[PDB]
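Read through the structure below, which is laid out as structure tokens, and then see the notes.
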Amino acid sequence: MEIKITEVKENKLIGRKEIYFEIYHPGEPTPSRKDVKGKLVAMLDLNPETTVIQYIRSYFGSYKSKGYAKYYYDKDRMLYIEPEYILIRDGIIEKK
Amino acid sequence: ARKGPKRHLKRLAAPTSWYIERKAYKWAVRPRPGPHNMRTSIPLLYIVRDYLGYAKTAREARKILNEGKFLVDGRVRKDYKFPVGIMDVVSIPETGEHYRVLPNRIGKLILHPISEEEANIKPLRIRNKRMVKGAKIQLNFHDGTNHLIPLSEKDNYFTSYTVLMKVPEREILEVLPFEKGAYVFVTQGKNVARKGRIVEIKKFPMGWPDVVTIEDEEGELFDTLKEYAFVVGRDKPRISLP
Amino acid sequence: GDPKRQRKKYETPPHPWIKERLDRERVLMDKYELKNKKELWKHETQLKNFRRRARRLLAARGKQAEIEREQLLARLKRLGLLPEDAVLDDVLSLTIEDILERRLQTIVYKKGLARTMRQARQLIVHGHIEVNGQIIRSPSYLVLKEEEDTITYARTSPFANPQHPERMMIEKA
RNA sequence: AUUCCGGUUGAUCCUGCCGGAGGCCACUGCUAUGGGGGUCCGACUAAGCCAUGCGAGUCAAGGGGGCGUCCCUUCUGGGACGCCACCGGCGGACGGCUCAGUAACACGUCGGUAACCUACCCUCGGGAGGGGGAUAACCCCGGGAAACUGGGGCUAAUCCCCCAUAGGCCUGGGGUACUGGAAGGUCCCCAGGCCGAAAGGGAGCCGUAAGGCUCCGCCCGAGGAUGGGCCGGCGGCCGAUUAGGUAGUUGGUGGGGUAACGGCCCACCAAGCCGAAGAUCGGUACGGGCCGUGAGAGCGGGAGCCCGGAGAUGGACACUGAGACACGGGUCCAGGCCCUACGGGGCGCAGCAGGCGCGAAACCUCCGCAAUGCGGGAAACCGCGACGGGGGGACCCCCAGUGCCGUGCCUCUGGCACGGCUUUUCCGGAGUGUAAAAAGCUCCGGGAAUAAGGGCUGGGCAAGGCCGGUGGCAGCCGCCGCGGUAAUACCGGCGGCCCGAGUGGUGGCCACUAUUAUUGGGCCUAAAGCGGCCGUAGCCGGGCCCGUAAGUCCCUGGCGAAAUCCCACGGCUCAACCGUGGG
Ligand SMILES: [Mg+2]
Ligand SMILES: [Mg+2]
Ligand SMILES: [Mg+2]
Ligand SMILES: [Mg+2]
Ligand SMILES: [Mg+2]
Ligand SMILES: [Mg+2]
Ligand SMILES: [Mg+2]
Ligand SMILES: [Mg+2]
Ligand SMILES: [Mg+2]
Ligand SMILES: [Mg+2]
Ligand SMILES: [Mg+2]
Ligand SMILES: [Mg+2]
Ligand SMILES: [Mg+2]
Ligand SMILES: [Mg+2]
Ligand SMILES: [Mg+2]
Ligand SMILES: [Mg+2]
Ligand SMILES: [Mg+2]
Ligand SMILES: [Mg+2]
Ligand SMILES: [Mg+2]
Ligand SMILES: [Mg+2]
Ligand SMILES: [Mg+2]
Ligand SMILES: [Mg+2]
Ligand SMILES: [Mg+2]
Ligand SMILES: [Mg+2]
Ligand SMILES: [Mg+2]
Ligand SMILES: [Mg+2]
Ligand SMILES: [Mg+2]
Ligand SMILES: [Mg+2]
Ligand SMILES: [Mg+2]
Ligand SMILES: [Mg+2]
Ligand SMILES: [Mg+2]
Ligand SMILES: [Mg+2]
């Protein structure tokens, strides 16, 4: 898979950066969240503990997928802002 | 409403001046009573969430508001139902930006970027004027607010004049009269968002409102209601307008 | 009153058994390998609507009429149904055969990607054809002129290999 | 597509009605592979009756308590921490459901209120001084079959009550500061009265303390905002085998009452008020945006979504509150029904599911507050059958499948035999998707495998002059017409035609229909000119000159919500659908 960064925007009020990206992958399954996160943190030099993937979406007859992720500068701000379900679904925390 | 006030608002019945997707959901925010009226303002949640995009959901928009990050006319506003209207200034100091709320050529509300210096002043059209106890004068403005002046000043203010006010201190610094040759900006009606100079003023019997003729820059003359014509300068604008 | 109801996009014949119309429509159905009458009727309706807009715009005048007049011409040349220097009167000489030639099934057969109309339909339905980098599985899709020449085999298809047995038989024609 | 075709005679041309051919809606026979989108599903009969669960809460930063884990000392305690209920505050008048009543200022539209109310919110100008009081919780004792409910003890508040000041309202006499088109309005000065505020409360730090420094709060006045009340002009059904109707009726004067104007209600004085341009009475019905159909002019409908109105088994009437004479609050009568230890006590799903009854006619007693919003809270948050997510259903619309290619043979359309190909769909897996699941989407392994019906076959009207039965019997027939032993028309076989995941039957509206006629019909002989004439209203009215500007034409201000309709561009693979602009 080949990843292309479309936009990186700064949100100082929330204290995060919001990242939109595309993945090109003809003849392959939709990439997993773990692989995308590893590639993204390598590509941008992020602490992976505060990197959350909002979504990965595939389309009808396409060889590429579109994705959205967020990166917080502070762990406590992430736990205070983000909903519980997305942090569990991303393996950041454990479901009780 | 069979027995009491309405507290809800369907999206399909929302005001026509908002930028809102009318079929995406069932409900819209019912704005709280406040400064402007329903036809000339919009709740602050749509500014934070829908217009600027600083938040994705209502819950995190409320957390941004409660921490005190948004200023309206120089004052902290935390209520997500607060109405924001024509000629207000929206300020974000943590990002250092400022906007003036103004209507479109189609009659919809938009945000016009301005300088930091110009953000200190708000023009206020004089809607009504009255005597008050102690024999003083109360001025009632277009955004619902009020000011007091002494009886010696009674000849320097009349209805339809504009007062430039320093906010949030609320101190007068200039009075702009309504007369021929003044510069005006239209705020409602078919000719909304057009601007120019005053040529003539006409009156009628039995309480029908009075009408004004205005010459634009390219030299065309058009008419509108007098109360739709908002004075903004002497012969040049005193604020930045698109 | 009553809320909106979604309406059919095609019109049915005023009489089901007229000999001349039956013969004409049977010839068209055989030639373009359409699946049923309603499909054909759909395209007929499209043509009628075009003509009805031209008839109304000829007898109109004013400012919105001109904008509509140029929009109709622009759309017709974007679909490839008129040349670049056509005028409004040319709208009234369009035939049903002009529209059917723009079907993705027909265009796939015309370019030589299949040997027969039926094979072109199966190639489209099974997902072997890409249009400007996108896979589309509707044989009735009307192809714009600007994307007509970027129509190929899908890059993940078995047919995207010049040594495939079925592709060589297609090329032998 | 601005359309015709069959039927009155031995044969002909007319008038005229019936039938055929199209679209949409409700019930229904037979038959069904996949997906997507949407404002679809107990409205028609019964606004009939309802078992069970759920559909409205929230605040510990308003206040005294109960109990638990720990820290300092503890005889005793003080702290911190975390649950419980109670007092107290705000909300419960919105949202949701249905269309019974109503022919009316109910609704649409333009205006008015100088004749009015408004808790929550915004701005500005000011204020927070002094006193008193009970009571829930808690402990003692209880009653009653239960629903409920009694006496004694003790206690706090942002609970309750007083005093003062500010303030408010009425009337009389002056002055003219304001708005407005116009002052029974606003402002200033005297005078006689009546009504009459407030919580400096709470939380956190700097405080050795003294006191600051923030946040959330309390009361009065002026204006706005928000939500309403009231009024006027204009507009939109059927009946004369309903012609006269009204007597607080219509107006006036003087009062009462109301938030407020008003015969809204009284006392007194007059005779008015409506009506053949259809009063009154009777019939039917919630109004509009819109929807079906038609070349258009028109004709028909107004369940589903939005805005307005009304109702909570039928008929009456009140308490609290800013707002109700209140669907999940109170009272009486009427009519059903449930529990009783027989003394008594309770209940109406036209909320979501679910049951019975009625009928031709309509679904799961599921999951979630993650999104959109509402109420409460300083906030993090909490609740919500609203809303969101799925389950059932030939609801509507959009896009597909039930194979493809080559070479041979046949009756050459299509069927069969060989050789090869593909995997939409199907079966089993990984990822993504989701609040969690399911669908959907990207990949991998298997394999043409897993997938066609309904109606019709004499003319109208596309399609057989073939075969076997029956024999005016049975049967068919929208209409015209078939069947009486040699039936192209009934029943069946084989063929053929139309449409196709659909295709037929029954009932309704529009078209057909210039069989309702303004556009646009008829009345000598076919339905149809009053037996004749005079004249009231109404409609229709001769030529010229001058004036006006109501009708009429042109230009320009303020309006006629959104959704729905047409066009271009853009986002879901295209489309249906959704967004941005123009109309
Ligand atoms: Mg006025
Ligand atoms: Mg209705
Ligand atoms: Mg005869
Ligand atoms: Mg007929
Ligand atoms: Mg019922
Ligand atoms: Mg209630
Ligand atoms: Mg209610
Ligand atoms: Mg009546
Ligand atoms: Mg009215
Ligand atoms: Mg009327
Ligand atoms: Mg007092
Ligand atoms: Mg009076
Ligand atoms: Mg009714
Ligand atoms: Mg009606
Ligand atoms: Mg319904
Ligand atoms: Mg009932
Ligand atoms: Mg049904
Ligand atoms: Mg049910
Ligand atoms: Mg709050
Ligand atoms: Mg024939
Ligand atoms: Mg029949
Ligand atoms: Mg025979
Ligand atoms: Mg037969
Ligand atoms: Mg006739
Ligand atoms: Mg006669
Ligand atoms: Mg006469
Ligand atoms: Mg004359
Ligand atoms: Mg005129
Ligand atoms: Mg509209
Ligand atoms: Mg696209
Ligand atoms: Mg498109
Ligand atoms: Mg739209």
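Here's how to read the names in the structure tokens: chain A, B, ... by the order shown, residue numbers from 1 in each chain, ligand numbers from 1 in the order shown.
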* To do: Output the neighbourhood of ligand 9 as an NGL selection string, that is, all protein and nucleic acid residues with some atom at most 9 Å from the ligand, counting only C-alpha atoms (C1' of nucleotides) and all ligand atoms.
  => :D and (105-107 or 231-232)
Quick one: contact table of chain D to ligand 17, 10 Å max, nearest atom pair and distance in Å to one decimal per residue, counting only C-alpha atoms (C1' of nucleotides) and all ligand atoms, chain and number order, as a Markdown table?
```
| residue | atom | partner | partner_atom_place_in_ligand_line | distance |
| --- | --- | --- | --- | --- |
| D:26 | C1' | ligand 17 | 1 (Mg) | 8.4 |
| D:27 | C1' | ligand 17 | 1 (Mg) | 7.8 |
| D:41 | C1' | ligand 17 | 1 (Mg) | 7.1 |
| D:361 | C1' | ligand 17 | 1 (Mg) | 6.2 |
| D:362 | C1' | ligand 17 | 1 (Mg) | 5.2 |
| D:393 | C1' | ligand 17 | 1 (Mg) | 9.0 |
| D:395 | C1' | ligand 17 | 1 (Mg) | 8.8 |
```
* Asked: Given a cut-off of 9 Å, which residues of chain A touch chain C, counting only C-alpha atoms, written out as an MDAnalysis selection string?
  -> chainID A and resid 26:27 60:63
* To do: as a VMD selection string, please: all residues of range 70-156 of chain B that backbone DSSP puts in strand (DSSP E).
  => chain B and resid 71 to 72 75 to 76 83 to 85 89 to 92 97 to 103 109 to 113 121 to 132 136 to 141 146 to 149
* **Shell of 10 Å around ligand 10 (only C-alpha atoms (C1' of nucleotides) and all ligand atoms), written as JSON, numbers by chain** => {"D": [103, 104, 105, 235, 236]}
* Please identify every polymer residue within 9 Å of ligand 20, using only C-alpha atoms (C1' of nucleotides) and all ligand atoms, and present the set as a list in words. => residues 461, 462 and 463 of chain D
Hey, can you spit out that residue selection with N, CA, C and O atoms (P, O5', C5', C4', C3', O3' and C1' of nucleotides) as a PDB file, in the first residue's frame?
```
ATOM      1  P     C D 461     -57.713  -1.902 -32.549  1.00  0.00           P
ATOM      2  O5'   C D 461     -56.934  -3.276 -32.749  1.00  0.00           O
ATOM      3  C5'   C D 461     -55.510  -3.348 -32.719  1.00  0.00           C
ATOM      4  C4'   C D 461     -55.025  -4.760 -32.474  1.00  0.00           C
ATOM      5  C3'   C D 461     -55.740  -5.849 -33.275  1.00  0.00           C
ATOM      6  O3'   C D 461     -54.828  -6.904 -33.592  1.00  0.00           O
ATOM      7  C1'   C D 461     -56.068  -6.216 -30.948  1.00  0.00           C
ATOM      8  P     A D 462     -53.681  -6.725 -34.710  1.00  0.00           P
ATOM      9  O5'   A D 462     -52.332  -6.813 -33.865  1.00  0.00           O
ATOM     10  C5'   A D 462     -51.050  -6.867 -34.475  1.00  0.00           C
ATOM     11  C4'   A D 462     -50.148  -7.846 -33.758  1.00  0.00           C
ATOM     12  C3'   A D 462     -50.555  -9.308 -33.873  1.00  0.00           C
ATOM     13  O3'   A D 462     -50.004  -9.905 -35.032  1.00  0.00           O
ATOM     14  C1'   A D 462     -50.134  -8.766 -31.596  1.00  0.00           C
ATOM     15  P     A D 463     -50.906 -10.749 -36.053  1.00  0.00           P
ATOM     16  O5'   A D 463     -50.711 -12.258 -35.592  1.00  0.00           O
ATOM     17  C5'   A D 463     -49.423 -12.807 -35.353  1.00  0.00           C
ATOM     18  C4'   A D 463     -49.480 -13.844 -34.261  1.00  0.00           C
ATOM     19  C3'   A D 463     -50.514 -14.947 -34.453  1.00  0.00           C
ATOM     20  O3'   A D 463     -49.997 -16.030 -35.209  1.00  0.00           O
ATOM     21  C1'   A D 463     -50.658 -14.053 -32.246  1.00  0.00           C
TER      22        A D 463
END
```
* Exercise: range 231-235 of chain B partners within 10 Å, only C-alpha atoms (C1' of nucleotides), chain neighbours under 6 positions left out, as an NGL selection string -> :B and (123-125 or 160-164 or 175-186 or 195-198 or 241)
Just N, CA, C and O atoms for this one: save the residues we selected as an mmCIF file, in the first residue's frame.
```cif
data_model
loop_
_atom_site.group_PDB
_atom_site.id
_atom_site.type_symbol
_atom_site.label_atom_id
_atom_site.label_comp_id
_atom_site.auth_asym_id
_atom_site.auth_seq_id
_atom_site.Cartn_x
_atom_site.Cartn_y
_atom_site.Cartn_z
ATOM 1 N N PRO B 123 -20.684 49.721 15.132
ATOM 2 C CA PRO B 123 -21.683 50.739 14.795
ATOM 3 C C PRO B 123 -23.078 50.307 15.222
ATOM 4 O O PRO B 123 -23.463 49.146 15.075
ATOM 5 N N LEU B 124 -23.835 51.259 15.760
ATOM 6 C CA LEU B 124 -25.167 50.999 16.288
ATOM 7 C C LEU B 124 -26.129 52.033 15.726
ATOM 8 O O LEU B 124 -25.943 53.234 15.943
ATOM 9 N N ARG B 125 -27.142 51.573 14.997
ATOM 10 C CA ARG B 125 -28.178 52.471 14.504
ATOM 11 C C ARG B 125 -29.165 52.787 15.621
ATOM 12 O O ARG B 125 -29.518 51.918 16.420
ATOM 13 N N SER B 160 -32.367 56.992 13.429
ATOM 14 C CA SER B 160 -31.693 56.621 12.179
ATOM 15 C C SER B 160 -30.252 57.122 12.104
ATOM 16 O O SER B 160 -29.582 56.838 11.111
ATOM 17 N N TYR B 161 -29.751 57.848 13.100
ATOM 18 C CA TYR B 161 -28.324 58.122 13.162
ATOM 19 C C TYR B 161 -27.576 56.871 13.616
ATOM 20 O O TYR B 161 -28.148 55.964 14.224
ATOM 21 N N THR B 162 -26.284 56.827 13.317
ATOM 22 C CA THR B 162 -25.420 55.738 13.746
ATOM 23 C C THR B 162 -24.387 56.261 14.736
ATOM 24 O O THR B 162 -23.855 57.362 14.571
ATOM 25 N N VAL B 163 -24.117 55.470 15.770
ATOM 26 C CA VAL B 163 -23.126 55.783 16.791
ATOM 27 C C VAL B 163 -22.055 54.703 16.765
ATOM 28 O O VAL B 163 -22.370 53.511 16.844
ATOM 29 N N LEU B 164 -20.797 55.116 16.641
ATOM 30 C CA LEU B 164 -19.668 54.198 16.718
ATOM 31 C C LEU B 164 -19.275 54.043 18.183
ATOM 32 O O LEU B 164 -18.940 55.032 18.844
ATOM 33 N N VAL B 175 -20.592 60.309 16.115
ATOM 34 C CA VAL B 175 -22.000 60.298 15.732
ATOM 35 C C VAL B 175 -22.093 60.575 14.239
ATOM 36 O O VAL B 175 -21.551 61.575 13.755
ATOM 37 N N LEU B 176 -22.779 59.693 13.512
ATOM 38 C CA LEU B 176 -22.921 59.822 12.065
ATOM 39 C C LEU B 176 -24.370 60.105 11.696
ATOM 40 O O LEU B 176 -25.225 59.220 11.842
ATOM 41 N N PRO B 177 -24.694 61.298 11.211
ATOM 42 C CA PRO B 177 -26.093 61.648 10.950
ATOM 43 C C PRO B 177 -26.648 60.993 9.691
ATOM 44 O O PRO B 177 -25.921 60.578 8.789
ATOM 45 N N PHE B 178 -27.978 60.916 9.649
ATOM 46 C CA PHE B 178 -28.711 60.431 8.484
ATOM 47 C C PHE B 178 -29.164 61.645 7.683
ATOM 48 O O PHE B 178 -30.081 62.362 8.097
ATOM 49 N N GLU B 179 -28.531 61.872 6.537
ATOM 50 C CA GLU B 179 -28.841 63.026 5.701
ATOM 51 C C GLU B 179 -28.326 62.755 4.294
ATOM 52 O O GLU B 179 -27.680 61.737 4.035
ATOM 53 N N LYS B 180 -28.616 63.684 3.382
ATOM 54 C CA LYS B 180 -28.159 63.549 2.005
ATOM 55 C C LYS B 180 -26.640 63.611 1.933
ATOM 56 O O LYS B 180 -26.002 64.437 2.590
ATOM 57 N N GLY B 181 -26.060 62.726 1.124
ATOM 58 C CA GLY B 181 -24.626 62.610 1.002
ATOM 59 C C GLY B 181 -23.977 61.622 1.945
ATOM 60 O O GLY B 181 -22.775 61.366 1.812
ATOM 61 N N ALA B 182 -24.723 61.059 2.890
ATOM 62 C CA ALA B 182 -24.179 60.051 3.787
ATOM 63 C C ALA B 182 -24.036 58.712 3.070
ATOM 64 O O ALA B 182 -24.740 58.424 2.100
ATOM 65 N N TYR B 183 -23.113 57.893 3.562
ATOM 66 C CA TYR B 183 -22.843 56.579 2.997
ATOM 67 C C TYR B 183 -23.637 55.520 3.758
ATOM 68 O O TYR B 183 -23.586 55.469 4.989
ATOM 69 N N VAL B 184 -24.361 54.675 3.025
ATOM 70 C CA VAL B 184 -25.239 53.683 3.638
ATOM 71 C C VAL B 184 -24.977 52.300 3.058
ATOM 72 O O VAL B 184 -24.505 52.147 1.925
ATOM 73 N N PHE B 185 -25.312 51.290 3.861
ATOM 74 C CA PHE B 185 -25.231 49.875 3.526
ATOM 75 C C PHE B 185 -26.600 49.258 3.791
ATOM 76 O O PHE B 185 -27.137 49.394 4.893
ATOM 77 N N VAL B 186 -27.170 48.600 2.790
ATOM 78 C CA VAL B 186 -28.512 48.037 2.918
ATOM 79 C C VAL B 186 -28.443 46.711 3.664
ATOM 80 O O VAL B 186 -27.587 45.868 3.381
ATOM 81 N N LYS B 195 -24.584 49.092 -1.444
ATOM 82 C CA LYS B 195 -24.190 50.258 -0.665
ATOM 83 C C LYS B 195 -24.015 51.463 -1.575
ATOM 84 O O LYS B 195 -23.821 51.333 -2.785
ATOM 85 N N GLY B 196 -24.083 52.649 -0.972
ATOM 86 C CA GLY B 196 -23.901 53.876 -1.730
ATOM 87 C C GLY B 196 -24.166 55.163 -0.974
ATOM 88 O O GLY B 196 -23.872 55.256 0.220
ATOM 89 N N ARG B 197 -24.728 56.164 -1.651
ATOM 90 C CA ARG B 197 -24.957 57.480 -1.068
ATOM 91 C C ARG B 197 -26.420 57.878 -1.193
ATOM 92 O O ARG B 197 -27.133 57.413 -2.083
ATOM 93 N N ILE B 198 -26.852 58.767 -0.306
ATOM 94 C CA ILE B 198 -28.251 59.168 -0.196
ATOM 95 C C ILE B 198 -28.521 60.343 -1.130
ATOM 96 O O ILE B 198 -27.787 61.336 -1.117
ATOM 97 N N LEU B 241 -16.091 46.837 4.549
ATOM 98 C CA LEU B 241 -17.225 46.099 4.022
ATOM 99 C C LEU B 241 -16.843 45.455 2.700
ATOM 100 O O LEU B 241 -16.081 46.034 1.924
#
```
